[PDB]
Amino acid sequence: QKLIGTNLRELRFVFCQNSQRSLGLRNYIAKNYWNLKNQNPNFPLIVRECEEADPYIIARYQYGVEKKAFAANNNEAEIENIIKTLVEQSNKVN
Amino acid sequence: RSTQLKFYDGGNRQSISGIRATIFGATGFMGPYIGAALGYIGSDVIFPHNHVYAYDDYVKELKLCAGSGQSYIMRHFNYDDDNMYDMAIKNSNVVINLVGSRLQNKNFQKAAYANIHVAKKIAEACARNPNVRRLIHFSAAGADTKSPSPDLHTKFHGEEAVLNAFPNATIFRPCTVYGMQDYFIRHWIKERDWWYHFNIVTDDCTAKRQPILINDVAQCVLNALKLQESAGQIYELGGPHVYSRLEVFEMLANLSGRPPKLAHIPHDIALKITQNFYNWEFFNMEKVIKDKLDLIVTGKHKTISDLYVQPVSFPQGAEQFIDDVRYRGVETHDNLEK
Amino acid sequence: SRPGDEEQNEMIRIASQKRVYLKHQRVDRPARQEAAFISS
Amino acid sequence: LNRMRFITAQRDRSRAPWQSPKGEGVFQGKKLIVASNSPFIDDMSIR
Amino acid sequence: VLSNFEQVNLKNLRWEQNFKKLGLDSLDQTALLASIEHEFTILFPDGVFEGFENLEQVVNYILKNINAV
Amino acid sequence: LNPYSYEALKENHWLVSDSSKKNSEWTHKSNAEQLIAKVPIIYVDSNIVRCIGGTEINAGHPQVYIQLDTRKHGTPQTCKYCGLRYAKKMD
Amino acid sequence: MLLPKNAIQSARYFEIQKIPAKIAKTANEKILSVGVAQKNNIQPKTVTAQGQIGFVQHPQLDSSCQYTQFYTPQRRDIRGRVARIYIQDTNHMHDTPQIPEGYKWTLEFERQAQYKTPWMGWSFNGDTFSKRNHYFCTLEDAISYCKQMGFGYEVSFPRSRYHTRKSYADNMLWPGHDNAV
Amino acid sequence: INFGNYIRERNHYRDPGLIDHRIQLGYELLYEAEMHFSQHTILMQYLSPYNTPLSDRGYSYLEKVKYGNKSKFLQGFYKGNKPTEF
Amino acid sequence: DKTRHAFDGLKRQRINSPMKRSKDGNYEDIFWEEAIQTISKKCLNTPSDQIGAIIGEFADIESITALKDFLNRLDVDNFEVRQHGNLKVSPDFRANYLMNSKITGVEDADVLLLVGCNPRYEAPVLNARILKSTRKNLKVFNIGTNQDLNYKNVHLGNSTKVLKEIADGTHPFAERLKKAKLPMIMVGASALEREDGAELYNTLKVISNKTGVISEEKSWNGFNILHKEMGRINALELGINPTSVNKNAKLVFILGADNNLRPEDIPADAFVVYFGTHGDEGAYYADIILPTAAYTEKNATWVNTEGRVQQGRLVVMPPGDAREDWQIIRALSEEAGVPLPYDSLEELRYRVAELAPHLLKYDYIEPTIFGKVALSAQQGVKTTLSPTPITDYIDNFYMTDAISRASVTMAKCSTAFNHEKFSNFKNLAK
Amino acid sequence: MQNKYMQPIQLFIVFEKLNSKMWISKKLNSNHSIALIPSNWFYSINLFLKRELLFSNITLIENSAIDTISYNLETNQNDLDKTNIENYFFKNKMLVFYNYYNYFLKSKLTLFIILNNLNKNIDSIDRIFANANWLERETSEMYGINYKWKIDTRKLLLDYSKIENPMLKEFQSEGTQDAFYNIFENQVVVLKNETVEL
Ligand SMILES: CCCCCCCCCCCCCCCCCC(=O)OC[C@H](COP(=O)([O-])OCC(O)COP(=O)([O-])OC[C@@H](COC(=O)CCCCCCCCCCCCCCCCC)OC(=O)CCCCCCCCCCCCCCCCC)OC(=O)CCCCCCCCCCCCCCCCC
Ligand SMILES: CCCCCCCCCCCCCCCCCC(=O)OC[C@H](COP(=O)([O-])OCC[N+](C)(C)C)OC(=O)CCCCCCCCCCCCCCCCC
Ligand SMILES: NC(=O)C1=CN([C@@H]2O[C@H](COP(=O)(O)OP(=O)(O)OC[C@H]3O[C@@H](n4cnc5c(N)ncnc54)[C@H](OP(=O)(O)O)[C@@H]3O)[C@@H](O)[C@H]2O)C=CC1
Ligand SMILES: [Zn+2]
């Protein structure tokens with residue numbers, strides 16, 4: 001979580017604010033946004049809320065390359081695992 | 001100066017092309033086609049002319065090139081006054097010149113005047129006017145100082161003078177252009193109809209010819225305007241293949257169904273008669289002289305491929321213009337319906 | 001009776017409905033939208 | 001022969017092209033310094 | 001005649017395969033049959049015209065026909 | 001007398017003025033401004049003046065009325081249909 | 001312009017109300033497949049005059065647009081164009097027009113090239129299709145026409161004044177006691 | 001083949017009445033062509049190739065040479081869609 | 001009056017063709033192909049480290065999205081080149097850079113406090129609404145300049161001392177806010193654009209949290225920010241960080257920016273490509289100029305200060321040879337060899353949906369449930385303000401942007417009203 | 001209306017399965033009556049009219065169609081009453097109307113038929129009334145009505161080698177293409193349309 005700035009160029013979380021399909025990602029963001037921001041001060045962590053939207057974690061690595069992870073019906077542990085995989089895969093991507 | 005020309009070719013006659021063009025010598029066979037090429041995209045076209053008879057269809061049909069408010073006809077043009085040229089090309093960013101000695105003229109002085117004096121004055125006027133972006137002079141293929149033909153002899157000097165006066169001038173050297181109102185297919189048809197027994201040749205008919213369609217010539221003009229780098233260079237325009245005069249006669253005979261018959265007159269006696277008698281369209285010394293000469297595309301200058309125009313083959317192009325004049329032999333009853 | 005009589009009757013019925021215009025329909029000012037905050 | 005004036009006026013009624021600088025001009029860093037062409041007087045600046 | 005229809009490869013041509021295998025839809029089939037009629041100066045009745053399924057049947061029909069030029 | 005000055009704009013109704021009256025020859029394709037400017041101010045005793053642009057109804061413009069009792073005495077007022085300018089004969 | 005609620009309950013009427021969900025076909029659309037899915041999930045499921053969220057619907061070049069007449073050899077740009085469906089209200093200049101507006105849905109097409117010719121300065125339109133607006137009694141009819149003719153359509157719903165209590169007695173109001181603070 | 005392409009563009013129809021009306025119109029236009037009611041230049045618009053040059057003219061490949069291996073969007077962007085004079 | 005009579009600017013000083021400036025300074029017209037080819041060559045030659053961009057005032061969602069995608073594919077991440085003034089706000093949550101309370105929230109708030117805001121000059125319609133609210137039930141306080149507002153206001157001060165006191169709780173206005181129900185805080189973008197904008201923003205956050213401007217029991221979020229650049233609002237919506245500034249940039253892309261530009265911002269040796277519609281400013285810093293469409297000529301999306309996303313429609317096509325900015329960026333990317341995945345407006349809006357779907361719900365404000373989290377005050381933040389006055393950026397209401405500067409009616413209004421409206425003193429009558 | 005008038009109730013007495021919707025107005029002549037007739041019964045009704053005793057002396061004066069889809073009351077919207085004929089225009093794709101004159105009864109009878117199907121199918125009556133041939137040809141070409149069992153469907157008053165329905169409200173008066181003369185083809189050609197806007 002401390003290496004997000006160097007590994008990735010942007011993290012984005014697009015989900016719905018009143019759907020059970022997004023509940024997990026919604027709660028995880030609400031709980032850990034400040035932790036991640038403190039760990040990585042200047043890194044962009046964008047949050048976007050739209051009703052009846054599919055949960056999605058979008059990691060932009062470098063040179064306009066992005067990976068989109070479908071995080072529907074995923075517990076906070078699953079969201080943690082997906083984010084960790086996205087951060088770790090930066091070396092393989094570039 | 002700048003040779004760039006920003007114009008929009010995606011519009012019809014009522015659009016604004018962005019080309020303001022003055023076309024000298026547009027009363028000839030190729031004049032209406034060249035004018036229509038620019039007019040049909042919305043360009044403004046000016047046609048300066050001093051033609052007799054004024055009521056001729058050649059003058060009249062020039063008004064159809066662009067339309068109302070876009071095509072203008074400047075009558076009673078004076079070809080030895082610089083003010084006349086200045087007025088003609090005052091608002092034109094394109095200046096096309098097709099003023100060349102007619103096939104009916106045998107006088108060397110008149111041919112030189114038409115092919116040199118007018119061209120040089122037009123080039124000088126273009127140089128004076130800083131808004132003339134492009135100049136397109138029409139020379140003839142095979143132009144040379146040693147050419148026996150007075151027309152070609154004077155056209156070589158004319159193109160040299162145009163280049164000297166306006167270094168950004170584009171010189172075309174078309175081969176024998178054919179079409180509905182041409183001097184080649186129409187002349188063949190009319191001569192064979194007037195004799196009914198033969199076409200009168202005055203040579204061995206081994207001279208090479210590389211015909212090009214007038215539509216292809218117009219497309220070449222448009223492509224030359226589009227291509228900025230074409231400025232200041234000489235182009236030779238011709239068909240994909242080269243045929244001799246005998247081969248051209250054979251192709252026309254095969255296409256039209258009319259059996260061929262070439263009646264030979266000695267070249268010397270024909271030359272003497274034509275140079276000592278009155279000359280008109282169908283009886284002139286220029287035709288006799290050019291029968292022997294070769295008018296083809298040489299590799300010394302740029303070709304049509306440089307303009308990126310694919311000319312159509314002569315057998316395909318000339319077939320439509322001889323549909324009416326077709327031999328009526330044995331035909332099917334279904335074909336009798338017409 | 002032909003099959004299309006039912007369609008004709010449907011057309012006649014719908015042609016007789018009362019009609020009103022959105023321009024003349026009253027619209028009241030909506031109350032303030034209650035802002036919601038994610039728990040914890 | 002004066003069609004250019006009428007055409008330019010008609011074009012400017014709806015859209016007048018910006019007159020770009022021509023020839024040598026003064027430069028302040030990466031900027032070309034040109035006096036304002038607005039006929040109106042900047043009264044607040046003047047007084 | 002087929003040389004006009006450049007979708008089909010005349011080199012490896014199987015006279016028993018269907019027009020669809022050759023690469024001709026119904027419109028292409030109708031155009032091809034009309035072209036063959038023009039070539040041989042014949043006229044296929046409606047039944048046979050619609051019944052043709054490959055080039056072999058057309059060849060056999062034209063062979064049986066005596067009016068073909 | 002700068003046409004773009006604040007004073008000039010305020011006096012001319014926030015329009016750029018043309019003292020020579022020659023620009024109208026091209027702008028409006030006529031010298032009618034110059035022709036009408038020659039007519040002097042017509043002095044009318046009454047506070048309100050009626051103008052019909054002619055000698056009889058239907059021979060000019062619709063009948064209009066102009067107030068010559070200006071908040072500043074003697075200020076000429078121009079008819080809207082025709083450029084004739086009327087002023088009160090202050091005495 | 002508003003029939004009684006649930007007055008029409010036909011399958012055709014429900015089909016007209018419902019908007020199709022796009023299927024990624026082009027290479028760009030397949031690359032942006034996630035975007036197409038998000039747009040389908042978020043856009044309103046049905047169109048009704050009571051709706052409040054604007055949206056843009058792509059042209060449906062399908063068997064449903066067979067009734068269009070503006071697909072000819074000379075012109076091939078009219079079909080598939082995007083229109084705008086909205087209620088045109090009376091201008092703010094006047095309140096009682098002789099011919100009042102706002103009683104019909106206007107369908108409009110964005111104007112193409114408009115240029116003043118040099119000879120006389122007359123205005124000319126590159127395309128003559130988008131000169132006049134179309135008018136429909138109901139948004140349902142407008143959308144049905146768009147689906148039948150194969151045009152895409154944006155829909156922008158109207159906004160009207162909020163009713164407020166009006167009374168001449170409000171002109172005279174007692175401010176209150178002078179000592180009040 | 002060109003008229004086949006014309007029909008293919010309309011092959012999506014699924015309304016028998018509309019198809020019957022279209023067939024009536026097609027027969028009418030075919031009869032006009034037979035009887036010379038129409039002009040050749042006016043009626044050849046149906047027979048003209050969709051993307052191939054006409055066989056009686058020399059075509060210009062300047063656009064293809066300039067924009068070789070470029071997207072149709074970029075080709076249209078460079079071509080423009082409005083007169084630039086106004 | 002500005003929005004009513006500033007459209008005249010579009011009628012003159014319009015760029016109608018790509019242009020290039022020689023070292024001598026002589027501008028010359030060129031073709032789109034030539035301009036795009038030279039720009040692509042410069043992009044390929046220039047390392048991504050020394051490439052930067054400036055966001056204009058009238059940038060739209062489509063144009064900013066295309067520019068962001070192109071820069072990302074070139075590996076460029078810094079979207080600001082100016083270092084003098086940058087907005088100090090994070091684009092992570094919409095709640096932290098949009099008016100949490102809508103434009104109708106003034107009609108609901110009982111106390112409204114302005115910080116470096118002049119509603120009369122910026123959003124006059126909002127000023128009229130505030131006048132209605134204060135005549136019915138609303139008390140207005142102001143920390144900054146004492147502008148001639150149409151309604152009575154209580155001027156607490158102009159320095160950051162008032163903010164410090166309110167944050168510390170010793171100022172009586174803290175008790176006033178606590179007593180008041182549904183208080184509102186409106187802050188102009190200039191205050192956050194100050195050098196200490198981050199400190200002022202944190203001070204406002206803590207003040208709001210302590211005084212209940214963001215109350216869960218009331219279900220109220222009175223924290224608001226009044227912006228001055230639609231382009232900046234769009235950039236924040238799309239997630240572009242306003243603080244990311246490239247100190248030294250060799251290749252600058254100015255997307256129609258004409259305000260705050262100074263020679264010092266552009267290095268002498270840099271290469272400037274300016275996407276613009278007027279030549280008043282930014283066209284003189286440009287090595288290459290590309291005409292673009294205006295709001296009346298571009299079919300695009302615009303997000304206003306309250307978060308409402310509306311669709312701006314095409315009235316007339318761009319003048320002359322002008323092209324849509326998103327199309328220009330798409331062509332530039334394809335020529336440079338990094339083609340974008342959208343060739344039409346539909347596909348570009350699909351990409352916009354990928355980035356932030358809520359922009360596809362036109363004329364609607366998407367609610368956010370992370371307002372409290374976004375605006376929560378963190379521990380250990382600087383929160384150190386400077387002892388200087390809080391000012392307002394607008395000087396001449398009739399001249400604020402390039403279109404207004406080019407307009408003639410606006411010039412007449414300026415010359416007819418500036419001297420009559422200028423006054424160093426406050427109208428004690430109201 | 002100071003004349004002797006009687007409703008044409010014979011049609012609905014004979015065709016016992018149809019409902020009657022009839023109008024008379026002072027906007028029309030004193031002896032003029034409008035009625036609504038379903039399309040699926042139009043042909044049989046014309047058969048009865050052409051050979052009934054008192055309707056035998058009947059001539060089809062006129063025939064045309066109205067694109068009712070875009071019909072809107074521009075003024076006095078609230079004054080509309082449920083008995084007005086305009087109520088049948090709304091939401092109906094097309095409305096084809098015929099008008100006949102009867103000599104025995106000295107009467108004028110107009111019949112309105114509502115076409116709601118998208119293809120605009122209706123049985124032709126040119127086999128019953130001879131002059132209806134060109135009337136129906138014009139109506140079909142100008143509005144796109146698909147007349148069935150028609151003697152001659154060929155266009156009448158439309159240009160050669162063109163398909164269009166100009167009288168539809170969707171169509172623009174300026175058209176979609178203009179005819180010029182092409183020098184390259186040396187003949188009249190037709191190309192895209194650019195016109196003048198006042
Ligand atoms: C009476 C007093 C008593 C004593 C007797 C006196 C003499 C009595 C003579 C009685 C007979 C008179 C007959 C002529 C009547 C008037 C007409 C006329 O003169 O001809 C013009 C007339 C014009 O043709 P047209 O059909 O009216 O034109 C229609 C359109 O304009 C065409 O429309 P288009 O669109 O198809 O245009 C195509 C193009 C033409 O088509 C083409 O493009 C292809 C051709 C281009 C080149 C043409 C060069 C000239 C060809 C001449 C051919 C002559 C015919 C015989 C050829 C035999 C070959 C083996 O148009 C043209 O150029 C038209 C032709 C121009 C001809 C110009 C020269 C004509 C005058 C000189 C002719 C000399 C011929 C001598 C023959 C040998 C005599 C022994 O016809 C001719 O040209 C043929 C005339 C042949 C007879 C000439 C008789 C006079 C000379 C005889 C020799 C000397 C006297 C000997 C006796 C002395 C006794 C003492
Ligand atoms: C009822 C009236 C009848 C009139 C008939 C007239 C017959 C032709 C008379 C020719 C006279 C020639 C005089 C000397 C010319 C000197 C110039 C010269 O260089 O000589 C060689 C001339 C010149 O031709 P060239 O081509 O060799 O050289 C041109 C001249 N230079 C070189 C100076 C530029 O040619 C000739 O052979 C003589 C002239 C032939 C003219 C042919 C056209 C005649 C048109 C007649 C119109 C009237 C018709 C009447 C009937 C109407 C019925 C409705
Ligand atoms: N087979 C061909 O067509 C070929 C043509 N060219 C060149 O292309 C040009 C155009 O083709 P085309 O139409 O066939 O040529 P034309 O002979 O038909 O036209 C020549 C033009 O120049 C005018 N003209 C002739 N002499 C003079 C003169 N002394 N003073 C002023 N004007 C004069 C003519 O007007 P007027 O009617 O008044 O005499 C005419 O308008 C030719 O002139 C020629 O230079 C080159 C190779 C082949
Ligand atoms: Zn008067």
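Below, chain A is the first sequence line, B the second, and so on; all start at residue 1.
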Exercise for review: Start with the C-alpha distance between G/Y103 and C/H24, add both sets of side-chain angles, then the distance that settles side-chain contact (heavy atoms from CB on, under 4.5 Å), and finish with yes or no.
Suggested key: CA-CA 9 Å; G/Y103 299 75; C/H24 302 295; 2.9 Å; yes
Exercise for review: Just do the salt bridge (charged side-chain N to carboxylate O under 4.0 Å, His left out) check on C/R29 and I/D108 with the steps written out, would you?
Suggested key: CA-CA 12 Å; C/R29 182 183 180 277; I/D108 304 320; 3.8 Å; yes
Revision key, fill the gap. Note: G/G102 and G/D89 closest approach over all heavy atoms is CA-OD1, 3.9 Å
Review point. How close do I/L10 and I/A294 get, heavy atom to heavy atom, and via which atoms?
Key: CD2-CB, 3.7 Å
Exercise for review: Check whether more than 12 heavy atoms from other residues, nucleotides or ligands sit under 6.0 Å from atom NZ of F/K29, and answer yes or no.
Suggested key: yes
Practice item. Would you kindly say whether F/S20 and F/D18 are connected by a side-chain donor-acceptor distance under 3.5 Å? Key: yes
Practice item. Answer with yes or no whether the side chains of I/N259 and I/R405 bring together a donor and an acceptor at under 3.5 Å. Key: yes
Exercise for review: Return yes when atom NZ of F/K10 has more than 12 non-hydrogen atoms of other residues, nucleotides or ligands closer than 6.0 Å, and no otherwise.
Suggested key: no
Check your understanding: Does the side chain of I/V154 reach to within under 4.5 Å of the side chain of I/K139, using non-hydrogen atoms?
Key -> no
Point to revise | Result of checking G/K131, G/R132, G/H134 against G/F109 for side chain to side chain contact (heavy atoms under 4.5 Å, CB included) | key: G/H134
Exercise for review: Kindly indicate whether the side chain of D/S38, heavy atoms from C-beta on, has any atom under 4.5 Å from the side chain of I/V408.
Suggested key: no
Exercise for review: Using a cut-off of 6.0 Å, state whether more than 12 heavy atoms not belonging to F/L1 lie near its atom CG.
Suggested key: no
Practice item. Evaluate whether atom CZ of D/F6 has more than 12 neighbouring non-hydrogen atoms of other residues, nucleotides or ligands under 6.0 angstrom away. Key: yes
Practice item. Check whether any side-chain heavy atom of F/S17 lies under 4.5 Å from a side-chain heavy atom of F/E11, and answer yes or no. Key: no
Review point. Can you find a heavy atom in the side chain of D/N37 that is under 4.5 Å from one in the side chain of D/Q19?
Key: no
Check your understanding: Does any non-hydrogen side-chain atom of I/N150 lie less than 4.5 Å from one of I/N127?
Key -> yes
Review point. Strictly under 6.0 Å, is that where the ring centroids of G/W122 and G/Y115 end up?
Key: no
Review point. I/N158 and I/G144: which non-hydrogen atoms are nearest, and at how many Å?
Key: CB-O, 3.2 Å
Review point. Below 4.5 Å, heavy atoms only, C-beta onward: do I/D401 and I/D258 meet side chain to side chain?
Key: no
Check your understanding: Looking only at atom types and distance, does a side-chain atom of I/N142 sit under 3.5 Å from a main-chain N or O of I/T145, one as donor and one as acceptor?
Key -> yes
Check your understanding: Around atom OH of F/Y4, are there more than 12 heavy atoms of other residues, nucleotides or ligands at under 6.0 Å?
Key -> no
Review point. With a 4.0 Å cut-off, would you call I/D363 and I/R308 a salt bridge?
Key: yes
Study note, to complete from the structure: Heavy-atom closest pair (G/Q98 atom, J/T75 atom, distance to 0.1 Å) is O-CG2, 3.8 Å
Practice item. Would you please classify the geometry between the F/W14 ring and the F/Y6 ring as parallel, tilted or perpendicular, with 30° and 60° separating the classes? Key: tilted
Review point. Hey, is I/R129 close enough to I/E107 for a salt bridge, meaning N to O under 4.0 Å?
Key: yes
Check your understanding: Can you say whether the rings of I/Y121 and I/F397 are parallel (under 30°), tilted (30 to 60°) or perpendicular (over 60°)?
Key -> tilted
**Study point:** Sidechain-backbone polar pair: I/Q147 side chain, I/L149 backbone, donor-acceptor under 3.5 Å
**Key:** no
Exercise for review: For the residue pair I/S414 and D/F40, establish whether any side-chain heavy-atom pair is separated by less than 4.5 Å.
Suggested key: no
Exercise for review: Kindly assign one of parallel, tilted or perpendicular to the pair I/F417 and I/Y398, based on the angle between their ring planes and the thresholds 30° and 60°.
Suggested key: tilted
Review point. Atom CG in F/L68, atom CG in F/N47: separation rounded to 0.5 Å?
Key: 7.0 Å
Practice item. Check the pair G/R84, G/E108 against salt bridge (charged side-chain N to carboxylate O under 4.0 Å, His left out), reporting the backbone distance first and the verdict last. Key: CA-CA 5 Å; G/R84 312 157 177 178; G/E108 183 180 44; 3.8 Å; yes
Check your understanding: Is the count of non-hydrogen atoms from other residues, nucleotides or ligands lying under 6.0 Å from G/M93 atom CE greater than 12?
Key -> no
Check your understanding: What pair of heavy atoms forms the shortest contact from G/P118 to D/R3, and how long is it?
Key -> CB-NH2, 3.9 Å
Review point. Would you call I/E297 and D/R15 a salt bridge, taking side-chain N to carboxylate O under 4.0 Å as the test?
Key: no
Check your understanding: Is there a side-chain contact between I/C117 and I/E122 (heavy atoms, below 4.5 Å)?
Key -> yes
Check your understanding: Atom CE of I/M186 and atom CD1 of I/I130: how far apart are they, to the nearest 0.5 Å?
Key -> 5.0 Å
Practice item. To the nearest 0.5 angstrom, please state how far the NZ atom of C/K23 sits from the CZ atom of G/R161. Key: 10.0 Å
Point to revise | Modelled atom types, side-chain donor and acceptor of F/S24 and F/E33, under 3.5 Å | key: yes
Review point. Do D/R11 and G/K116 pass the side-chain contact (heavy atoms from CB on, under 4.5 Å) test, and can you show the C-alpha distance, the side-chain angles, and the key distance before you say yes or no?
Key: CA-CA 8 Å; D/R11 182 261 297 277; G/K116 301 177 72 62; over 6 Å; no
Review point. To the nearest 0.5 Å, what is the distance between CE (I/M99) and CG (I/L126)?
Key: 6.0 Å
Exercise for review: Taking atom CG of G/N171 as the centre, report whether more than 12 heavy atoms of other residues, nucleotides or ligands fall under 6.0 Å from it.
Suggested key: yes
Exercise for review: Just do the side-chain contact (heavy atoms from CB on, under 4.5 Å) check on F/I42 and F/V49 with the steps written out, would you?
Suggested key: CA-CA 10 Å; F/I42 305 168; F/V49 60; over 6 Å; no
Review point. Should the heavy atoms of other residues, nucleotides or ligands under 6.0 Å from NE2 of G/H94 be counted, would the total exceed 12?
Key: yes
Exercise for review: Apply side chain to side chain donor-acceptor pair (under 3.5 Å) to I/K2 and I/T400, showing your working.
Suggested key: CA-CA 9 Å; I/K2 180 190 288 180; I/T400 304; 3.0 Å; yes
Exercise for review: Mind running side-chain contact (heavy atoms from CB on, under 4.5 Å) on I/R14 and I/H278 for me, showing each step along the way?
Suggested key: CA-CA 5 Å; I/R14 296 296 305 272; I/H278 284 83; 3.3 Å; yes
Point to revise | Nearest-0.5 Å distance that lies between atom OG1 in F/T70 and atom NZ in F/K88 | key: 10.0 Å
Exercise for review: Go through G/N133 and G/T106 one step at a time and tell me if the side chain to side chain donor-acceptor pair (under 3.5 Å) criterion holds.
Suggested key: CA-CA 7 Å; G/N133 301 330; G/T106 74; 5.5 Å; no
Study note, to complete from the structure: When rounded to the nearest 0.5 Å, the distance separating CD of J/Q77 from NZ of G/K104 is 8.0 Å
Revision key, fill the gap. Closest non-hydrogen contact found for I/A189 with I/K228 is CB-CG, 3.9 Å
